[PDB]
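Enquirer: Requesting a structural model of the entry that follows:
(3 chains, ligands or ions: 3)
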Amino acid sequence: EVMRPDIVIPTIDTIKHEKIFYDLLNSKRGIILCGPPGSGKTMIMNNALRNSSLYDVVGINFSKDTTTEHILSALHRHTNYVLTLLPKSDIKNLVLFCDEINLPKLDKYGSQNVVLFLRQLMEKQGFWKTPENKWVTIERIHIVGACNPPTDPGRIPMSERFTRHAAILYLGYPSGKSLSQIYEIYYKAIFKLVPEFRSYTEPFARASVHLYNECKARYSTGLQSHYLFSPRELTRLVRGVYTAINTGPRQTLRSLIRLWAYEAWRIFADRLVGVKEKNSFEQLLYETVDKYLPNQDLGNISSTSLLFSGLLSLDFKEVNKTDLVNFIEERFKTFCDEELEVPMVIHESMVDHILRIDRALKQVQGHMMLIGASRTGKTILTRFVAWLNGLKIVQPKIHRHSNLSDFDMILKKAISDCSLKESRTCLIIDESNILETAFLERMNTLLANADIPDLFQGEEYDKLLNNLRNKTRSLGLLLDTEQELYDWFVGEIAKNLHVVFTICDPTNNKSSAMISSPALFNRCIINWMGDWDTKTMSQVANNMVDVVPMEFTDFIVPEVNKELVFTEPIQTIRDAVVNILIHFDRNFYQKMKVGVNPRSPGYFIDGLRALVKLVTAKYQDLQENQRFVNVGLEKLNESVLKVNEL
Amino acid sequence: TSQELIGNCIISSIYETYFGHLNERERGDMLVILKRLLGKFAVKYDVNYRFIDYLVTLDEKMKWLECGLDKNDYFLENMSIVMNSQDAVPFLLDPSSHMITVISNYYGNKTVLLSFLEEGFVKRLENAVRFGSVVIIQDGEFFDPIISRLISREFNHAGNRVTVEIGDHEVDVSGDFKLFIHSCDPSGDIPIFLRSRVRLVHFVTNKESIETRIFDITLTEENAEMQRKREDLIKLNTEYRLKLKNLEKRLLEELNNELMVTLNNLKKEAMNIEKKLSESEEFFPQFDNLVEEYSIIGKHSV
Amino acid sequence: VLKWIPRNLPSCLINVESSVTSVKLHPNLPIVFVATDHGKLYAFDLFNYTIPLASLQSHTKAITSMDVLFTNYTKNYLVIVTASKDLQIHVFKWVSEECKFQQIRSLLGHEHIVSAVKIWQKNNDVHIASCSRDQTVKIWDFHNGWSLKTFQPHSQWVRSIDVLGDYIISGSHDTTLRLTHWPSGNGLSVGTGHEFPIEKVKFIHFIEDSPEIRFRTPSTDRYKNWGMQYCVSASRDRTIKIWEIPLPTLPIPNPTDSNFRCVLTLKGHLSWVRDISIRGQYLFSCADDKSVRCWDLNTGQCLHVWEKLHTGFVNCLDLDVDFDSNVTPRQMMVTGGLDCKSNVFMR
Ligand SMILES: Nc1ncnc2c1ncn2[C@@H]1O[C@H](COP(=O)(O)OP(=O)(O)O)[C@@H](O)[C@H]1O
Ligand SMILES: Nc1ncnc2c1ncn2[C@@H]1O[C@H](COP(=O)(O)OP(=O)(O)O)[C@@H](O)[C@H]1O
Ligand SMILES: [Mg+2]
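Expert: Numbers count the residues shown, from 1 in each chain, chains lettered A, B, ... in the order given. Ligands and ions are numbered 1, 2, ... in the order given. Okay, here it is:
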């Protein structure tokens, strides 16, 4: 029951908020909940209205492009016209939950239709109908809303004329004790699967809460704009631990500690951009495990030393590095044989990125958002991973002579293939495929909810529902109501659709709005590959220059500083060549004033390939000249010996 | 000569890849720091290295200069980088839009000029890649992602033939097909997808290039005799090297299967090579003296 | 006599220069025929395996499949059909006296690489089957050397076929099995149930006499008259499934009875299963988990597992033909791995 998003552990803060929320509704007063993005406004909101014997739920989410027509249509499925507007129920009142009311944007004259409509129905107790000029009196229908603070970009500050009629509640973050209790309950539910470790539920929860607190304190927003932490990270940690325990083998204490460390690595430290920050997180994991789980026989807790994968076996267990590398090599050879062919080099970082992408793509509603330098292996790596799991890859062919119609048609085809044909789809979205803000709005609608409602309307809506009913009757499921068909359809879409976002230049404003968008940030899984470190560069260069003859001359090993050589210590000319190429790449990127921008390693790979080809050609020419002069000198020596003999 | 092959290959490959989009001062600074890095890690390079002399021959230089290329060494290096980028599609940045003529003269009638602001652009591009004609695409600032599998070379081998996916259909390729992309506005926004996967070069004229062109012009008109003498010695040395190679091949053929006449010709040729090298050894530092003499004109001009 | 089980260790080991793609057994003499990934066809003696009896390179690219047959004319010899990625199909002949390969003819016509080949004889007429990446299954004649009929049953490329009389089944990359009547050229039924592309499909053949068999016995005189009851498939989803072949209107397909239905599904492979082969009442299979498994038809559970049989993948497996009384079922089994090991199991 840990995958159900409506499961709420009742703590004292939740009960207090439910009580004051009920008291505020019963006073006939609007409610605005404002707080940090992981505070739990929607969760407490839906938990309070779900177990209510007096109020119903009208779940609507506001966007940048929102009109009063959406609100009126959402009322029409729960309200009846008798002039007076009344809910369909006779006893239960109606509550409109409007999530993210800050998202609607002002016009060119600094006002929004939706907030004024809410103010009109919330102060004058009704509204004026447009097509026949009638006043619709509302007598028992309530109204609430939730929003993030307007300090962060994307949240439009809203007029006091509307907020003066609604009581504002600030939902802060839960304290340390509350989080410890909640995830103690969560880990008890998880460890019910493993009965021999029931006594370790409390220290694991305390370790996770301390990890979240330290990660929020250290990696603040001042370093990077996407360093935003929340209890949703802890919930994703619990869900990942469950997903790994459920399909895994029998687990010991060391295996469970390493598994929790792997999940913490893949959730808290996927988005870390610096090597020093990743070292700080590794030290943090060491300190947390030492303080809260004092167990010996624990290996390295580095990212490369924690390789959990279910590809090599029938269960999610910790695989060896060499066997995994061999399996990835053979699978990639088969993939290049059966699909597009590129000359990739298998290094440790690529194996780790394959593992985390495969972990994310195996989750229900598992979307991805990959950030890094160009030519770091994101699109081809996602294609290979989707080929391993059998996901059908759909790539939008968006060019400059395109508009929202072509993108909408591509998305419609993807949705139809996902539902009507029951084929798992891995839609890979690049930042170059998004030109205007409307594409980002469509992607936000697809990610935040499980469907874009504005895509289907009228005759298209009718034929889509007819096809949906035909598909439901084809599988022998007794569904007749429109709500059952619609929520089964959005469940199928949320089950069999994976969207992978590829971002190459996060410094750019378009990619900045792509990352900072609330629907993409709170749903997708960030994976900051960034630029290549010197170890990966050394591995790639050593795997790329070992196929060419380079050791022909004597090479004197010099004396150098320890930190001026990044490759393993120099013994042959290949190590010196690799170190020279890495050093010049670093110097060139440093002296071109690139700043804190990611460094595309395309220059390095192109230089390696050009060096290999040039060394091959030059050594062939030199060997040809050597053979020619040797043959000539031997012939001349034979001739002079014959002359001296006779 | 053999002990200094790896360092020269490293320098030439780095010069081909990294230095496409740098002006002359930054090219010299990066080259001297690369030479310092080679000297630090105990790899021996050529002390008198020159990129044009090492990589391309005199025949290619004469072919480029006859086709319409400028006499500048920066433009010669850029053209050599463009013609040696067999894997990455070269990206030419011409403020004057002149190199289209040079490439057309190099490839003759096989060249086809397209643009990114056309309507039948994609269909004639598919026809050209099916036939195998050299394609030059202008207005590179408005790159259209239809050729994203031609830029990244994401081909699939359909057995005995190679195929690329353009649009919603599979089109064949040819072994002699070459793609060129042309740009005219240096301030245009090149997409990162193309920019990371092309051999971007700069045929621009900068203030350091003003200094070099000022020196070139004052050497051409102030003392033309030294310039034509150096050109004559270079051409004579190349022709004499070819003649010595031909005489060596003839002597090897004679030894394998007259001999005195061939030996006398080889000895006379070798003495002529020695005399020519001795004459040219005492003439090169005069050019360096003239460079040291014509620095104030460059400084005043810039 | 059909209850032979190989021991836990190989009887002998064979060294090859490159990866082994397909292995077949000579049905009269103890000689193996081991293909390579460099197009080379080898031949080793089971008592003298230090040096090959022959080594012929006739394919530019890697050999994809192999199937041998001993000719029965109402002179008798061996016909070895090797298929490869060099766009060609080559038909050989084994010279028993001189231990040499003498090519009879080469068969062309496919637009892409080929995957599997089969050869069978109905009544004094030898035919060679093949499947290719061009989504078309075309068969040839051994004497004429010209194509007879072709058909495209699948949207994507087929991967494995098998033959019996005038019926051809074909697994493919769109995870759908199809059984096509070759003279009619129309698919009788379509398969569904595997989540990954199919690897090897072959017909399940009946037996003459046994105490009890659940998978090779026709349950009715209608099945006996039809001559086909069940078929077995292996695919990249680590599963082996048994399909019941629906019988259409009698050949014209039945809209209400034109779909395969899975009967018994065997699981336990840690990676992709590559090749299968049925012998007696045992379903031998090899996979990519460096192992060879010995399934059982009756109980539906594995009896013997050979863990770590190879360093790399286990590409191909082959045993002797048991269903035909003309070809004796001798007690040798040879496996073929990716790690250049053609292990042979005898006695
Ligand atoms: N008291 C609590 N009990 C259980 N889970 C909680 C509690 N407080 C916060 N959470 C976790 O925090 C997350 C808040 O999610 P959500 O309500 O969507 O935040 P918001 O609505 O502010 O975006 C939930 O996923 C939940 O797992
Ligand atoms: N080991 C490697 N890791 C990453 N990229 C590599 C490796 N080896 C080669 N490449 C280069 O990466 C390119 C593919 O990058 P791609 O994934 O398309 O870039 P992006 O991640 O921006 O989509 C290939 O053209 C290849 O030259
Ligand atoms: Mg929220």
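
Enquirer: all contacts plus neighbour counts: C-alpha atoms, from now on.
Expert: Noted.

Enquirer: In the stretch 301-450 of chain A, which residue sits nearest chain C?
Expert: Residue nearest to chain C within the stretch 301-450 of chain A (C-alpha to the nearest C-alpha): residue A:313, separated by 4.5 Å.

Enquirer: What sits closest to the one residue in the stretch 51-200 of chain A that gets nearest to ligand 1 if chain neighbours are left out?
Expert: Using C-alpha to the nearest ligand atom, the closest approach of the stretch 51-200 of chain A to ligand 1 is made by residue A:182 at 5.8 Å. Distances taken as C-alpha to C-alpha, 6 or more residues apart in numbering or on different chains put residue A:9 closest to residue A:182, at 6.2 Å, once the chain neighbours are dropped.

Enquirer: Give me the neighbour count for that neighbour.
Expert: Per other C-alpha atoms under 10 Å in any protein chain shown, the neighbour tally for residue A:9 reads 13.

Enquirer: Over to it. Which of the three states is it?
Expert: With DSSP: H, G, I helix; E, B strand; the rest coil as the basis, residue A:9 sits in coil.

Enquirer: and it, what are its phi and psi?
Expert: The phi/psi pair for residue A:9 (degrees, to the nearest 10) reads phi -80, psi 120.

Enquirer: Now for the residue nearest to residue A:345 when sequence neighbours are not counted, how many residues are close by?
Expert: Spatial nearest neighbour of residue A:345, chain neighbours left out: residue A:540 (6.3 Å); criterion: C-alpha to C-alpha, 6+ apart. By the criterion of other C-alpha under 10 Å, residue A:540 has 20 neighbours.

Enquirer: quick revisit: how far away is the residue nearest to residue A:182 from residue A:33?
Expert: 20 Å (C-alpha to C-alpha, to the nearest Å).

Enquirer: picking up where we left off before, the residue of the stretch 301-450 of chain A closest to chain C: how many residues sit nearby?
Expert: 15.

Enquirer: if I look at it, how far off is ligand 1?
Expert: To ligand 1, residue A:313 is 31 Å away according to C-alpha to the nearest ligand atom, to the nearest Å.

Enquirer: residues in contact with that residue?
Expert: Applying C-alpha atoms under 8 Å, 6 or more residues apart in numbering or on different chains to residue A:313 gives the contacts C:270, C:271.

Enquirer: So for the residue in the stretch 351-500 of chain A positioned nearest to chain B, what's the nearest residue that isn't a sequence neighbour?
Expert: In the stretch 351-500 of chain A, the residue found nearest to chain B is residue A:399; the distance is 5.3 Å by C-alpha to the nearest C-alpha. Nearest residue to residue A:399 in three dimensions, chain neighbours excluded: residue B:145, at 5.3 Å (C-alpha to C-alpha, 6+ apart).

Enquirer: go on, residue A:336?
Expert: In space, residue A:336 is closest to residue A:342, 7.0 Å off (C-alpha to C-alpha, 6+ apart).

Enquirer: Make sure the one you found is indeed in a helix.
Expert: No - read with three-state DSSP, residue A:342 is coil and lies in no helix.

Enquirer: Isn't the residue of the stretch 51-200 of chain A closest to ligand 1 up against residue A:13?
Expert: No - applying C-alpha atoms under 8 Å, one finds residue A:182 not in contact with residue A:13, separated by 11.5 Å.

Enquirer: who has more neighbours, the two?
Expert: residue A:182 (19 against 15).

Enquirer: Which strand or helix spans the more buried one?
Expert: Using DSSP states H and E, residue A:182 falls within helix A:176-191.

Enquirer: and that helix, what other elements does it pack with?
Expert: Where contact means 3 or more C-alpha pairs under 8 Å, 6 or more residues apart in numbering or on different chains; DSSP states H and E, helix A:176-191 is packed against helix A:201-218, helix A:231-246.

Enquirer: Try it again at 7 Å.
Expert: Helices and strands touching helix A:176-191, by 3 or more C-alpha pairs under 7 Å, 6 or more residues apart in numbering or on different chains; DSSP states H and E, are helix A:201-218.

Enquirer: Dump the C-alpha coordinates for the helix it packs on into PDB.
Expert: Listed next in PDB are the C-alpha coordinates belonging to helix A:201-218 (Å, rounded to 0.1, in the frame of the first residue of the first chain):
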ATOM      1  CA  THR A 201      12.800   0.000  11.100                       C
ATOM      2  CA  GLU A 202      13.400   2.900  13.500                       C
ATOM      3  CA  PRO A 203      17.200   3.400  12.800                       C
ATOM      4  CA  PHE A 204      16.600   3.300   9.100                       C
ATOM      5  CA  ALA A 205      13.900   6.000   9.400                       C
ATOM      6  CA  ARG A 206      16.100   8.100  11.600                       C
ATOM      7  CA  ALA A 207      19.000   7.700   9.200                       C
ATOM      8  CA  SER A 208      16.800   8.700   6.200                       C
ATOM      9  CA  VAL A 209      15.400  11.800   8.000                       C
ATOM     10  CA  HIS A 210      18.900  12.900   9.100                       C
ATOM     11  CA  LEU A 211      20.000  12.400   5.500                       C
ATOM     12  CA  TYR A 212      17.200  14.600   4.200                       C
ATOM     13  CA  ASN A 213      17.900  17.300   6.800                       C
ATOM     14  CA  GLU A 214      21.600  17.300   6.000                       C
ATOM     15  CA  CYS A 215      21.000  17.400   2.300                       C
ATOM     16  CA  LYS A 216      18.600  20.200   2.600                       C
ATOM     17  CA  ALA A 217      21.000  22.200   4.800                       C
ATOM     18  CA  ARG A 218      24.200  21.600   2.700                       C
END
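
Enquirer: Would you mark the buried spots in that helix?
Expert: A:201-212, A:215-216 (16 or more other C-alpha atoms under 10 Å in any protein chain shown).

Enquirer: So what's the gap between it and the chain middle?
Expert: Here the centre of helix A:201-218 is set off from its chain's centre by 22 Å, with C-alpha atoms, centre = their mean, to the nearest Å.

Enquirer: if we look at that helix, which residues are touching it?
Expert: Applying C-alpha atoms under 7 Å, 6 or more residues apart in numbering or on different chains, the contact partners of helix A:201-218 are A:179, A:180, A:183, A:184, A:187, A:188, A:229, A:288, A:292, A:293.

Enquirer: mind running it again at 6 Å?
Expert: A:180, A:183, A:184, A:187, A:188, A:229, A:292 (C-alpha atoms under 6 Å, 6 or more residues apart in numbering or on different chains).

Enquirer: Skip the chain neighbours and tell me the closest residue to whichever residue of the stretch 101-250 of chain B sits closest to ligand 2.
Expert: Going by C-alpha to the nearest ligand atom, ligand 2 is nearest to residue B:152 of the stretch 101-250 of chain B, at 5.9 Å. Take residue B:152 and drop its neighbours on the chain: the residue closest to it by C-alpha to C-alpha, 6+ apart is residue B:197, 6.5 Å away.
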